[PDB]
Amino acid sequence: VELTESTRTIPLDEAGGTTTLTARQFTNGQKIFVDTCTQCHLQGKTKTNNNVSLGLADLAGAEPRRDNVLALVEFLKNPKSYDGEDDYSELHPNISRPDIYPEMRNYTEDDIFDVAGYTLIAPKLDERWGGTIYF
């Protein structure tokens, strides 16, 4: 399926600037997502908290908002609770703590940029991306 440049263009930070991933960067981000993120976020969902999925509306409500690439990169370095108060660096996988997340130890900052871009392109691609799982 061909993905155009507009689809691969997503917010870079909060003030209106955007970034466009290459096809290669998209591919790499998708691959990392499948290998490392789908154990807890299949289809962009979250099941152990409400409204803290990878869907855009949920990301937008985080503190600071996570619906832009740089905020996602920051989260994957130094994860926090949704209100930003609590340090999740020993709770959520991240590249700061390869000692406890060895599956993260070979990803560079640029790899994390690619999965962050992937995460924000994915909802454009799939109406079912994101959401809270309820039982």
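Residue numbers here begin at 1 and follow the sequence given.
Enquirer: Could you check the entry and say whether 57-65 or 88-96 has the higher mean CA B-factor?
Expert: On average, C-alpha B-factors are higher across 57-65.
Enquirer: Of the two stretches 45-53 and 30-38, which shows the higher Cα B-factor on average in the entry?
Expert: Taking the mean B-factor of the alpha carbons in each, 45-53 is higher.
Enquirer: Between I112, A15, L21, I121, which one tops the list for C-alpha B-factor in the PDB entry?
Expert: In the PDB entry, the greatest C-alpha B-factor among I112, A15, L21, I121 is found at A15.
Enquirer: Within this chain, which third does the Cα B-factor at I10 fall in: lowest, middle or highest?
Expert: As the PDB entry reports it, the C-alpha B-factor of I10 lands in the middle third of its chain.
Enquirer: Ranking the modelled residues of this chain by C-alpha B-factor as given in the entry, is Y82 in the lowest, middle or highest third?
Expert: CA B-factor rank for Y82: highest third.
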